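First comes one chain, alone, set out as structure tokens in the form deposited in one PDB entry.
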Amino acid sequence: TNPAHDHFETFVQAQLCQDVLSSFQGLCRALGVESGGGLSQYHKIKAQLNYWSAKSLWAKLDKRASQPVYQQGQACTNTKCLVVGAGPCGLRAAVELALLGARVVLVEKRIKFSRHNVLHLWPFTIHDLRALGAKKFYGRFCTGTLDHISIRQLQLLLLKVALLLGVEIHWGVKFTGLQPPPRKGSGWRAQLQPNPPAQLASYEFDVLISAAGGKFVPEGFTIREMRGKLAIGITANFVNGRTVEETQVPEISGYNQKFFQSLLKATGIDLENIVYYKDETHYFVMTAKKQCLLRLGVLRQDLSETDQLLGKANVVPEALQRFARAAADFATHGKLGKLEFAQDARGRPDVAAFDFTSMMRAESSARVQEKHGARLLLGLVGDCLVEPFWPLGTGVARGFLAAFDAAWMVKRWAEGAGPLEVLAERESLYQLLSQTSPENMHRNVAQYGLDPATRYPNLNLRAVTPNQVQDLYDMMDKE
């Protein structure tokens, strides 16, 4: 028996964060390496696992790692990064920073991956993930014509790649701000809760990537919010027994129908849209009008403030359950048989209401701060950059594009391009993000890489100039 093989194989199949971490530590012990140790550790792990279970994975990862943009792991070798958030986007960003050869530490306030809701994937992201070994880590990955994945499964497979690539991850620690350089010769550090170990507390970095999700409010960044017409989203997960009969039930990708009237007549349910993905669960997302929610007992009081309206006190869980099951049942014409709610992490029926009204996007995707001669590049990636409207399925795509554009920006930074040029180039790319679609991007997704010219047709990297981004560079002194 071979402990390294045993731990690698457990690591591959692990379905819980704690199991991924513990099997990875066992693997590191067996192979004479450390976790969080950069590409040198990746090289030592893979050299020692040239065998049936692992061979195909190293082939894929080495293929990506060999793309010219990474300069064989030397592009950012003097760059130190802190990534905030182990969501799909912060993990995807870290993988990229790791391939560039940067030192990558990532902090995440939670300690498990608990979300089961299902995310739509554009063709480029499906290729992207397959090319990182998704099939090895997740046997069900975008099989057939399926183009979606549950959040926690996406997190698990990206966590595994990040770990193999030597990203140093800390859990149960909340990024709360920055400790500015105290004097010349000092670097930037993070404010973290609760008190972290000497190494983390004193960890200095020149790049901060914030991928902390929709509710994180980035400091120094201007955020644009528009409150539109009230819209209330509801998501639900039902147990999928994966029977032959259940598989026949067609998905619903997304009133342009007589359907919504016939739904309203039969049930009293007034919807604007409904979506059904056949994933690890039978997952539904729908947008409901407030008046039918009040009428059907889902909402207790007609409160004018949306966050009170959709607050825990105003939502009746039993009525929300009847509402979601009745809509899902009607939408799929009963062909899923008797729907049973899947359980959330806490053991409750997995159904929830969300504010679909306000859409937020950062005014800029990056800033630079300098104090005492120490420069810090700050980048936003994922939901904290632009909040996705879930039914339209742009979340993973635009999060990953933001992750790529941030990493390219870090390559430019590492080249010594200087704060204003780095920001102007990044912002020229950012102007495109909310208009992106598969249709208007480069068609050859197999050739997508960090270089934005691989991804964005007829690229104007000067759409924004150095002079226009001056306010994004907070140079506090001349040191």
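Residue indices: 1-based, along the sequence shown. Whichever C-alpha set is largest while still superposing within 1.5 Å between the two forms counts as the rigid core.
According to the PDB entry, the deposited sequence runs on from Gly177 to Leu178 with no residue lacking coordinates between them. In this crystal structure, the stretch out of 349-357 and 192-200 whose C-alpha atoms carry the higher mean B factor is 192-200. The stretch with the higher mean CA B factor, choosing between 270-278 and 256-264, is 256-264. Set against one another, the Cα B-factors of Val315, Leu97, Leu82, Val161 in the record reach their highest point at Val315. The PDB entry assigns the greatest CA B-factor among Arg295, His148, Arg242, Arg152 to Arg295.
Among the modelled residues of the chain, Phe341 sits in the middle third by CA temperature factor in this PDB entry. Per-chain ranking of the deposited C-alpha B factor places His43 in the lowest third.
For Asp474, the recorded CA B-factor ranks within the middle third of the chain. Only modelled residues enter the ranking. Ranked by Cα temperature factor within the chain, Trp390 sits in the lowest third according to the deposited record. When the modelled residues of the chain are ordered by C-alpha B-factor, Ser304 sits in the highest third.
There is another form of the same protein, the form deposited in another entry; it is not shown, and what comes next is about it.
Core-superposed comparison between the shown form and the other one: among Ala313, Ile111, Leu392, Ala266, the single residue whose C-alpha moves by 2 Å or more is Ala266.
Fitting the two forms on the rigid core leaves the C-alpha of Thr247 displaced by at least 2 angstroms between the shown form and the other one.
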